[PDB]
Structures are given as C-alpha cells and as structure tokens.
Amino acid sequence: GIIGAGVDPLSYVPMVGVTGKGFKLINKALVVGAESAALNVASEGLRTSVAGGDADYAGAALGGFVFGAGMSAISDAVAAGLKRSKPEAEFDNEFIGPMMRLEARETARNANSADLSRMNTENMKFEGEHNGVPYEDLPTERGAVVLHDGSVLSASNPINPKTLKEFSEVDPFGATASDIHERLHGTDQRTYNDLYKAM
Amino acid sequence: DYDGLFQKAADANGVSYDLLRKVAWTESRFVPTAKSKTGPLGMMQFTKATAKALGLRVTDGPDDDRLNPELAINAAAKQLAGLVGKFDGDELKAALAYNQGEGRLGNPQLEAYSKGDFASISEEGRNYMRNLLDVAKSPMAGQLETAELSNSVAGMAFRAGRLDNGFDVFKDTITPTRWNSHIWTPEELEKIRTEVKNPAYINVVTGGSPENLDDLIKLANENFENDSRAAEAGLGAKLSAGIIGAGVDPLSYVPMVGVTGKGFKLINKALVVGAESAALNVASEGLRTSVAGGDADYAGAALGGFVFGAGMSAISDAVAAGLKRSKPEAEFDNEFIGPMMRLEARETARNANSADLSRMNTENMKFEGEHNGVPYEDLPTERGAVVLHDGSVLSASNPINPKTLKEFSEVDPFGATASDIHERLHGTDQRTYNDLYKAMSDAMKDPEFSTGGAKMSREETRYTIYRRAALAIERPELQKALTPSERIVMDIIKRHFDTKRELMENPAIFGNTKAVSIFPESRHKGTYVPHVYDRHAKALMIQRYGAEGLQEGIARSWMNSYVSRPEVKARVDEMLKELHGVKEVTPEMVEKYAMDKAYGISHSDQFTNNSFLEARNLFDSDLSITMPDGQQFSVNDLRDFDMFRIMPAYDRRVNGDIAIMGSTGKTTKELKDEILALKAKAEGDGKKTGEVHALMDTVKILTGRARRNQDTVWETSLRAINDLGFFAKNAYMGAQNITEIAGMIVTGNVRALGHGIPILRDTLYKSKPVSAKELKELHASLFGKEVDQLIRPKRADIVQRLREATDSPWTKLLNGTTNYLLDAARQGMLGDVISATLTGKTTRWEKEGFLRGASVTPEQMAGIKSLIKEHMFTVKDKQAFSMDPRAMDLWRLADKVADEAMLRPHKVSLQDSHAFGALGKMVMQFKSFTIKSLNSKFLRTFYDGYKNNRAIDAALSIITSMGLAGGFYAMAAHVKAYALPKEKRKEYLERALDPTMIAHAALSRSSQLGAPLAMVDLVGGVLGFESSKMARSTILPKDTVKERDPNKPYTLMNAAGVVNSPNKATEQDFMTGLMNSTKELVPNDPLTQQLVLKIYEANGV
Amino acid sequence: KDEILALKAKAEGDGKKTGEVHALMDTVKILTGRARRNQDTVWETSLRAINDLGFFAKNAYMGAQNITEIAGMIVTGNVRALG
C-alpha cells in the first residue's frame, strides 16, 4: 500500500540507508485473481539477462513510487495553497491517476494476475496510429491514450503514440547483405549492453 | 468443431476447460461459421469484440469476415480467462459478464450478481447463467438454486446433492504452486548452485514460502541441517534392527521425506548366529565396489526395498482379512513374508559377517536344471522357486532363478588374437560405460534440470547434457562455460573417444606388426566424435527445398568453415593436393569435393561389410549458412548425440574393425574376400565347408553385427553371481539382495496393476482361451508399437520441439508418467489409424477438427501411404516405408492426437471404453489409475504438506513403466497363443500368463526412458566362439582354412592401459555393473518407495 | 560504387524505372551506415517493442510499462516545478 495506504511521504527521514532491497509491492487488495503459477514459460518476472535485474528495477521503483506519491501530496498541498484565493477552478492536478495505475500494474506484476489498471474498453481504435499500434483518446485527464488491452499510458510518457506523433509533428543458397546488417546490429547491441553493465 | 481445439486453447491462459465447451455449444450449437440477429457472426459470436479482443491477447486478428478457426477460439478463451481473473474464482459471473456484455446494459447486472442471484438479472441472463450450473465453483452457483416425492432421508440427499459434473485434477489435487512450475532464470541457477548444499530440498515447501529464492535458500539449508541431525538417527535406528522380525508394517507411517540412506545397516539383533568378526579372505569385505556412493546407493535401495517389502506383506495380510469376510479360508499364501524374511536374514548375514540363516538345506538332487552351468532344484512350497547348491534360495519372479529364466526363454513372445582383442575391448568399454553412467546420474541431478519446475524432461535432460559434452569437445571455447559436476562427463567422453582414436591410428599395439591405421583421416587432429546424421532431421530439411536444398546446404555449411579458420584451410588443402592436383588448389576443387561428400548425406541414408567411421568428412561443421527462406541452417542440427544409440553402436563397430585389423588387416576388403574365396572355391559338395560358414559367423560376431542377440542381461548375471558366490561371500549376499528387491518390486507391481486396472484384469491377464474379436485389435495394437519404433524421430530435441511448434494429463507436472503415457497412447492411436484405413473403413479421424499439422491433403495422403503398405497386419517394415517424405505426417498426426484427446483432458471419463482402441483403453485406464491414486488419502495429504511434485513423479513413473511392460507382453502373449496350434493347446497359453513370468517380462523389456546409458551396455560377457573352436580343431588337417583360424579365436583409460587390462572381468567390475544397471528399476530416494507402497495398497491386490 | 553508378549513367535520364535504381543506391547508403542521420528516436522503437512484448510475455509487459511510466512522470514533474 504505497498509495492506497497511503502515505505522502513529504515529511520523511532523509532515507539514506535504503537501496532496494526487499521492496516488491504486492498491495494487499488490488489483487483479484491470484493465479499463482504461470501463463507460459515466458512471463515469469522481468525477463532480463544482466545480474542486478530485479534490483535495478526495484531501486527504480522505490524511487519512482516515493517520488510519485510525493508529487501527488505536493500537488494536493499547492491545491489548498490556491484555495485561499478562489475555492475551485478545476485543479486536476494531479498524478494520482498515473501513480495509482502504476501501483496496480506493479501489484499485478508481483502477484502474477489481476491487471486492474486496465481501462475498458470501447471504442473504436481510431485514429491512431504511429507504428502498428492503434490507440484511442480518453476524454479525461489531458491526453491520454488507451491500448487494446487496454493498459492506459499516462500523457507525457515516452510511449503513448499520440504524443509520439505530436512530437514527430510540428516542433523543432546463402544470403544476404541486409541479413548481415541485422545479425550485426543484433549482436552489437547485445555487446553494447554487456559493456554498459561493466562500465 | 471440435473439442480437440478447446483442449489446447483452455490449457493456455486459463481455465476451466468445460467452460469453453459449454460456451461454444450454447453460443453456436457447434457450427463453424455463423451469423446472428444481434450482429455477431462467429462460433463465440463476437462482432463488436473483433479488434480489441484479438489484439489484446496472445494472437492478433485481421478483418470482420475472417473470424478464424483458431485465432478466434484462443482470443475468446483469453477473454473468458480474464473474466475469470478480473472478478474472482467465480466462473459463473464470468459467463454472465460475457453473455450480457461487460459494461453496457450488462454492467449493472454484473454488480447485481454481487448481491445474490437476484432478479436484477434478466430473461437470457439468469437462464444462461443457470445453464452453467456445472463446473464451477462460485458461491452463487450453490446460491442460484435456490425417489422424488418422499421424505425418508434418501429423499433429502437426493434433492440436495445436485451432481457437479466438473473436475480438474489440477485445481483440486495438485495445484501448481509458485515455486514448482518455475523455470529457473539463467541467473538464479548460479545462486542455487552456490548457496544450496543439496538441491533436492528446493522442492519441499512447508509454508509458505514466497518470496523469494533468497528465502528458499534459507529454508532448503535449514531443512538439510535439520535432516542430517535427526532424521538420520531416528529412521536408521528404528528400522535397522528388526525390520520384519520386529516387525512393523509400515502401512501407517510418516511420509518419510527426510530419510536418504543413511545410517541403515540391518544387523537384526537375533538371526545372527556365529559372528566371526573378521574375514574369510581379502575378498568378502563388504560390497566390493568401485564407485564412490557404493554403500549408499545400496543402502538407499535397501531402505526402499525393505520398507516396500514389509508393506506388501502387511497389505497382503490386510486383503487376506478383506477376503475372509466372504469365505473363512481358501489357501491365501499370499504372501511375500517368505522372500522378505529370507532377504532380511541375508542382509543381517552381510552386515554381521556370518550366519547365513537364509539358506535352505539341502537335498536333493540338483536335477533337472540347468540353464547355464548352475544346477537348481524346485522346492514344493510357494510357487517356484529354485534352491541353490549353498543353497541360497531365490524367490520366484526374480530375474536370477534359472527355472524362470528357462521358462521365459521358453515359450513366450607370439601375439594373439582377434577374439582376445574383442574381449579386452568389451571389458574396458563396459568399465568406461559404468564410469560415464555414474557421472551422468550425478549431473542430470543438478539444479537446472530438477530442482525447479520441470522443463525438458527427461529423455531430453540427458540429450541436453550430451549435446553440451559433445559441443564442448569439438570446439573448446564453448567448453570453459560448463557446470563442474557435469564437466566430468565431457572429460570421460573425450577420453574414451580419444583412446579409441589413439588405438585405431596404430592398431598394431597387439600381436601383429602390420595392419596400418584403419582410421579415416589421420592428421585431422581432434577427438573425433562420430558424426552420425539423423534420419528425421534430414526428413524435415528435405520436406522444404528437398533435394538440392540440403545437398547445397551441407556443402556451403562446410565451405564456411573452410574459409573461417586458418588451420582447417591448411588441413583441407593438404588432403586435396594429395588426391588430385599440384600445389595450387583452386577454390573449385574444394567446392566439388565438399559437394560430392555432402551428397553422401543428401540422398542415400547411409547414416542413421562396411562402416560409418567413413563419414568423418574433414571439414568442421559449426557455422550456419542462411537458407533462401531465412532460417539459419547449420550441420550440427543434422548431427546426432545422446550417446545411447551412438556410443554403444559406434564402440561395437570400432571394436570389430580393430580386432579384424589386429588379426591380419583391413576388415572390408581383406577379410571379406578371403573368407568368400574359400567359400566359392571349396565348395558346394564339401562336407567341411559348413565349418567355413562357422568361421564366417565368428567374423560377424566379432565385427559386431552380433545377430541382435545379447538375449538378456540376466542370463549373464546368473552365472556371474553363481561364480561370485565362490570367492566373494559378501558381495554374493549383496547381489542377491539387490536382485531380490528388484524382483519383489515388479512382482508387486504385477499384482496391484492387475487388480486395479480394468483392461488388464479381465482380459489381458486373464488365463484363457481367447478374446474373440480382439485379435483384430491386438494385431493392430502390436503393429502400432512396431511402426512407432520404425518411424519415431530417434532424437530428443526434435520430438518435443516439433510437438510444441504447433502452439498426469499435463506435462508441466509429474512429467515422468506423462512421457510414458504419451509414448504409449501414440502407438495405440497410430495402429488404430492404420487398421481403420486399411481395408475396410472407419473414418473418425479423417473428419477431424483436430486438423492441425494435418490438412485435408496431408490427411488424405496419410491414408494412401497406409493402404499401400499393409494388409489384414504385420506387413512392411520396408526401407522405402521409412524413407518416405510423407510418412512423418503419420507420426505427427498420431502424436498430436495422442496429446490432444487421449492425454490432455484434466479428467478421466467415458470417452473411449466402447470405442478405439485396444491399447487406447489400456492407456486411458492407466491414466485413470494415475488420477485415482493421486487422489488417495495418503498421497494428497503428502502433497499438501510438502508439495514436491518430483517425488510423486518418481513414484507414478515406475508404476506406469512396469504396467506398460506387463501390458505389451500380455497383449503379444494372446497373439502367440492364437498362433500356437488352434487345437487348444492353451495349457501353453497358461504357462506364460502368470505373475511369476509377468514380473520377469517386466524386467528384461520395456524401456525405461530416460536413462543415461543402457541396461545391456552395462553387463555382458560374450562367451563363444564354441563353433570357432570346432572350426579350428576340425580344419587343423584341412588345407588353409586353418591358416586363417589361429587368427580369430583362442582354443581414465589411455591407449596404453586398454591393452594391459585383463580380458575377462573384475569382481568389482560386475559388482558396479549390477549396482548401476538396477538403479533404473529399483530407485535410491527411499521415500518414492513408500509412496509407491501407499499407491498400491490404496488400489488393492 | 562503380556498379551502382554505371547503371545510373547508362540507364538513364528518361528511364521511368531509374528512380528505382536511386532506391537501391539508398539501400546502399543505409546499409553502409551513412544512415542519413535518422534513428529518429529511441522511443518510437520501444513503442512497437512493448506492443509486441505484451503478446507473449505478460509480466515483462507490465515491467516495461512501469519503468517508462516512472520515466515520464519524473520529467513531467520536472517541467512543472522548474517552470
């Protein structure tokens, strides 16, 4: 319960010691059907090939969750800081949406089911469509897109294809040669990743 | 159409299987295409849900009009699995949400349901929801609702139970837990290998206990500490003294998880008579063995033999009283008290160094005997048995007692010489096979393969160890990254092949000094691992771009290495200059050479007298070239591995060629010509020319054609133990106890699986006379097992990959029994497909919605290929029958049907018990017995407590192995009987269907997969060469055939050590051979024994 | 070079299917690695990457959404504050 609990944390200890470590957010509640096992031999957990892949992620999350809940609390605080002038304008404001739909996704990742962060469903999947994926705009918080699942992508994200279009929009026998290029660009990316880890 | 698709779509991403069938029936009434009043045109009837649903899951969709036969079923199955997930384990609400829409009008109803079945729900809603009052299992399902008109108790029960009609043996019995069913992440293996002392305890989960592996390590270490502190003392002490005599049952005992061995030596106090502490010689001692673990493998076996034997005794006393309620007495002997007591006394004599009180005595006489040397005598007592000259008595239904061995071989379905070379080689190669088997049994048990949830298992878990041990040998960089407890198998393989190489380059390390380098290409310096290309991998490559495709692929794949290395570029040109051409070698020369030497693998199936060393084409086959369709194509994919049909099928050819070389010279040309030119010269009328045919036989045996003989392991072990009793009086008792436990386990399995399983109880194991029309079914059942062994792809990573390339009844858990049942039901389905199509017709299969991997045209073909080759039906068995590009479609049809219908419903039922086939019902009832046992009180309470899906695997694997063993022998027995004179001479039929022979037939038969190495390769002493002495002696005066005869017959390892080794055996050699070859039928982990026990006793006797 | 050009300077100015030869000259440039300073963005690749990842791997699907969502939230917080 990082949000649902949920704290601020705006007045918290400097939090020096923590790194990771034992942070898996199985929010009690927000878990619905808890199929313990697996859907395939894929799934599993973060399907990664570096050691530390389950701790880099964890670190990011503690740092993402704390920061997101804090942005939510501080936007609630500045809301009241503006209520003293006028009682209400619209004030939405804020990231409660993205942070809650991220906490639910994390719980579904750690608890192996119950994707309760899925908007649903209809329609239709027009207009799209930057690359293959068709999206749909939800009349709600600015942006955003909804997928075919549809796992919703908050606006101001690097993925949501509406924003990607908007940015690419107005702003400042033996064979072959191409097979060689793809083999090489697929192995050299891997060795770049292995070099980045060691660096 | 049809439920085969549902079986495969509902085992993915969900789900209660019967839900999909019910939804399909209700929404479509089984019509492939569709149209509706409200708009939806499909089986699951979705038009609004076309784009979103197809996109949202594993497979995406294209248009409206193209609602696919599979892509739609899987998409709807995923939607329903989400609806089951998105709410709760309450499938009825999921069904209501699908039918009435999620979120439209419907959404109030879905919420309304959450308050009781109600009336907020409507005409189609509540009625359709009620239609699915079968499986399962919502509270509202009991809450929806709400003789015939009688009170009287009966009445109340009748009107309340309300039959459910659904059961998944996988949600109510074995539930896949988190830790089990987790393939291990490639990094987590590194943590398990370093921070776990023994990986066997990663399975046991009493908790708990996530997350995560950083907790499972802390648990599987603390449990291993808690084990070796106390489990050992308690179990050993309690059973060590007085296991029978004490004596317990143990029928009501703790699941017995912790115990392994350890401190179990059964010195029964009492039954020890004269206790001479020391020794009779420098032999005796204790088990005279040459493997470490030899004193613990035995111990394990014994705890597992003693517990199981005492348990069979107690359960036969219990079923005795269970039959006393009908009649007070018939004879009821019944039971194994005899064998188990005479085994306990032998164990006590072994551990206490004297007092063989398990010795019958004595007289007489030692007639009749006598299968091999040993004379026995029949005791009028319990059925059988023999008594020896000691006489240590051998219980009937043992693999040793020579009366039974005869009964089974009876009616049922200066420098010298060449022969000395053969015996030296067969005596050292058996030793290196044993040393390889030890390391393989030690490696196939590392965490990757076993601790975690099952992955490749188990015929593949040895194939993917031999693949690594071969690919590390041939290219040595890949080596460097191999697990240590596994590098010791690569070391032994490399040393064995290197010794054969070092001995073939100069096979003059023997009597003669001629005979030069049998080997194909000396100077090509590497451990040559035999390149033996496969039949089925070549079939898959000749199915697409058939002839010139592969003929160019295996050429350019070698041409890659020819330019990718600076030293093979030299060692190819050094060969090419010598054959044809002056120093400068044109790149056309190497191209023609590679093309013509790949053609040998392209067209003629030479690789699956002359030999197969010859395929040692000088190029290195590691790099893959790209085919015009995209798939990268190497040659190691054409190659083979698994050291099972490779190592012992290469060693015999090499040992034949080496021995014929050490005689005088080359095998083909020289030997053949000379032996024939004595035939065609002297002569048809010659009375002593059959004696020349005698020497031609020496040649065949030595060379290794061997006339498919090596009749049995056990007829060798009989004389082995008879002679072992002379010198080593302690290993004598050890080898009797191990074989006695071996025989007792199988004779228990025959009784239990005969009472419990229906097809076996009233017909197959039934005495006589004949099943009237089941002859037409027994013929097809046996022809199925013939055709499978004739066609199946003789590999391991080509069968499961081909099976899953299309994507107990579930191979994710208890994979051991599922493998046997798959490779069993497939022969039944295949023989049914052949017999039906044959002459006469029954096309259940031709019209199938299980039409995957078989289109209309391939299915129709599988029909004409079957019709052209057999008639009402052991017919062909032809070389062209196997080298048929369309024949692999038959194998694939059969296996896919056997894994779609016969072996992947989560419940046994009445599907085919008034239908095909003879073996189909046998395997269906075996799966039924598996589920029935897996629901017992003992076994269910053991799983819930400890999980450990590997222990019940190793329990239900032996049961099904010995069961199919008995079945395939009983089925052939009736056919042979019906071929015995039809004048009823079924007394003969009786002489061969009885638990004293079935227990033996279920030993020297019935693979028994997957085992590192083989049963035969580990024991065998090929003896004579009697007719060889006949020829030598009788042609002494005669001409020159003599001049040939003194050549062949008499009257770790470096190449120098093979010659020095003795040419017969060592007592430790046969001891380790017997102690190893029995681990595949008498296990080590002593808890799977007592699991098998409670499985048997729950079933009956 | 020679060969691609000698198709250009031989066939030819008026040739309607010679822009298709200019098409292959582009293949050459891309393969060789001049690449026309393109690789527009990391993210337009990761979009389809995650879209297809959602099909097979339903756990890494959620992982890759969470990491990118935190990435976007941090920067959209930085814009507001530093504005």
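Per the deposition metadata, cryo-EM was the technique used to determine this entry, at a resolution of 3.7 Å.

Where the PDB entry is consulted, chain C appears under the name Peptidoglycan transglycosylase gp16, with the organism given as Escherichia phage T7. Its PDB title, taken directly from the record, is "core proteins".

The PDB entry lists chain B under the name Peptidoglycan transglycosylase gp16, with Escherichia phage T7 given as the organism. Database annotation for chain B, UniProt heading Subunit: "Homotetramer. Interacts with gp15; after ejection the gp15-gp16 complex composed of a gp15 octamer and a gp16 tetramer probably binds both the viral DNA and the host inner membrane." According to the UniProt record, the Sequence similarities comment for chain B reads "Belongs to the transglycosylase Slt family."

1. What to know about the overall build of chain B
On a plain count of helices and strands, chain B comes out with 45 helices and four strands. For chain B, whose C-alpha radius of gyration is 32 Å, the value lies close to the compact-globule estimate of 31 Å for 1101 residues. Roughly 49,400 Å² of accessible area belongs to chain B as shown, and the carbon and sulfur atoms make up 52% of that amount. A gap of 2 Å separates the mean positions of the 141 positive and 144 negative side-chain charges of chain B.

2. Structural notes on the UniProt feature "active site" in chain B
All names here are of chain B. The residues that UniProt annotates with the feature "active site" are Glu27. Tracing the backbone through its elements, the reader meets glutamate 27 in helix 2 (residues 17–28). Excluding anything up to four places from it in sequence, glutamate 27 contacts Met43, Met44, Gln45, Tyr98 and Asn99.

3. A few points about the UniProt feature "transmembrane region" in chain B
In the numbering used here, UniProt assigns the "transmembrane region" feature to residues 955–975 of chain B. Counted over residues 955–975 of chain B, helix gives 100% and strand 0%. Its end C-alpha atoms are 32 Å apart.

4. Considering the interface of chain C and chain A
How big an interface is tends to be stated in terms of accessible area lost as the parts join. Counting residues at the interface gives 28 residues for chain C, matched by 43 residues for chain A. Both faces combined, the contact of chain C with chain A buries some 3,300 Å², and carbon together with sulfur accounts for 67% of it. In this structure, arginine 105 of chain A and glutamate 69 of chain C form a salt bridge, with 2.6 Å as the shortest nitrogen-oxygen distance. The tally of links between chain C and chain A comes to 10 residue pairs in polar contact. For the side of chain C that touches chain A, the secondary structure elements donating two or more residues are helix 2 (19–32), helix 3 (43–56) and helix 4 (60–82) of chain C. The leading source of residues in the side of chain C that touches chain A is helix 4 of chain C, at 16 residues. A per-class count over the side of chain C that touches chain A returns 16 nonpolar, nine polar and three charged.

5. Quick word on the side chain of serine 621 of chain B
Residue and element names in this part refer to chain B. Here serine 621 shows up in the loop between helix 23 (587–602) and strand 3 (625–626). Given a relative accessible area of 3%, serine 621 falls into the buried group. Excluding residues that lie within four positions of it along the chain, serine 621 makes contacts with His531, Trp558, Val635, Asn636 and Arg639.

6. What about the side chain of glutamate 521 of chain B?
Residues and elements named next belong to chain B. The topology assignment puts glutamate 521 in the loop between helix 19 (484–504) and helix 20 (535–543). Here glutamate 521 occupies a buried position and makes no salt bridge, while the nearest side chain of opposite charge, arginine 523, is found at 5.3 Å. Every residue in contact with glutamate 521, bar those within four places of it in the chain, is listed here: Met575, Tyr593, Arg616 and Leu618.

7. Side note on the interface of chain A and chain B
Between chain A and chain B, the contact holds 23 residues from the first and 23 residues from the second. Roughly 2,100 Å² of surface becomes buried between chain A and chain B when both sides are summed, with 53% attributable to carbon and sulfur atoms. Inspection of the region where chain A meets chain B yields zero salt bridges. Across the chain A-chain B interface, the total number found is six residue pairs in polar contact. Of the residues assigned to the side of chain A that touches chain B, the class counts are seven nonpolar, nine polar and seven charged.

8. Observations concerning the environment of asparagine 819 of chain B
All names here are of chain B. With respect to the element layout, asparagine 819 can be found in helix 32 (residues 815–837). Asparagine 819 sits in the buried class, given a relative accessible area of 7%. Those residues in contact with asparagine 819, other than ones at most four positions away along the chain, are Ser457, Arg458 and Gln800.

9. What about the pattern of salt bridges?
All names here are of chain B. In the structure shown here, the tally under the stated rule is 61 salt bridges over all chains. Among the salt bridges present, the one from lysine 538 reaches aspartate 605, with a minimum N-O distance of 3.5 Å. Here the residue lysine 538 occupies a position in helix 20, and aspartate 605 occupies one in the loop between helix 23 and strand 3, the gap between them amounting to 67 residues. Using a relative accessible area of 22% as the deciding quantity, one classes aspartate 605 as partly exposed. Residues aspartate 642 and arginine 645 are paired through a salt bridge, measuring 3.2 Å at the closest nitrogen-oxygen approach. Note on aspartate 642: relative accessible area 2%, which makes it buried. Note on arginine 645: relative accessible area 22%, which makes it partly exposed.

10. Some thoughts on helix 23 of chain B
Residue and element names in this part refer to chain B. Between its first and last C-alpha atoms helix 23 spans 22 Å; for 16 residues at 1.5 Å apiece the expected length is 22 Å, and the two agree. Within the span of helix 23, buried status applies to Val590, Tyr593, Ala594, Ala598, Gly600, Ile601 and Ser602. Buried residues belonging to helix 23 abut helix 20, helix 21 (547–564) and helix 22 (568–579).

11. Re the packing of aromatic side chains
One pass over the full model with this rule turns up 19 aromatic pairs over all chains. With centroids separated by 5.9 Å and ring planes inclined at 75 degrees, the aromatic side chains of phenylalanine 23 of chain A and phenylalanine 65 of chain A adopt a geometry described as edge-to-face. One end of the pair, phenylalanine 23 of chain A, is in the segment before helix 1 (56–83); the other, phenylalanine 65 of chain A, is in helix 1, and 42 residues separate them in sequence. Where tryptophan 179 of chain B meets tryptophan 184 of chain B, the ring centres are 5.6 Å apart and the plane angle is 40 degrees; that geometry is what we call tilted. Clustering of aromatic rings is evident, with ring pairs tying together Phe497, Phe519, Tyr528, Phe612 and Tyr650 of chain B. A cation over an aromatic ring shows up here: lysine 1094 of chain B above the ring of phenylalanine 938 of chain B, its NZ or CZ 5.4 Å from the ring centre.

Calculation rules
Residues numbered from 1 in each chain as written, not as in the entry; some residues may be left out. Chains lettered and ligands numbered in written order. Part of a larger assembly, values for the part shown. Heavy atoms only, no water. UniProt positions renumbered as here; feature names shortened; annotations may be inferred. Helix = DSSP H or I, 4+ residues; strand = E, 2+ residues; numbered from the N terminus. Rg over C-alpha atoms; globule rule 2.2 N^0.38 Å. Areas by Shrake-Rupley, 256 points an atom, 1.4 Å probe, with all protein chains shown as cover. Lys, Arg positive; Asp, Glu negative; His and termini not counted. Charge placed at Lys NZ, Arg CZ, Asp CG, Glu CD. Contact = heavy atoms within 4.5 Å. Buried area = accessible area lost by both parts, 1.4 Å probe. Salt bridge = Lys/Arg side-chain N within 4 Å of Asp/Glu carboxyl O. Polar contact = N/O pair within 3.5 Å; in protein donor to acceptor, adjacent residues only side chain to side chain. Nonpolar A, V, L, I, M, F, W, Y, C, P; charged D, E, K, R; others polar. Buried < 20%, exposed > 50% of the residue type's maximum accessible area, 1.4 Å probe, protein only. Expected span 1.5 Å × (residues − 1). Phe/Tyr/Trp six-rings, centres within 6.5 Å; stacked < 30°, edge-to-face > 60°. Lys NZ or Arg CZ within 6 Å of the ring centre and 35° of its normal.

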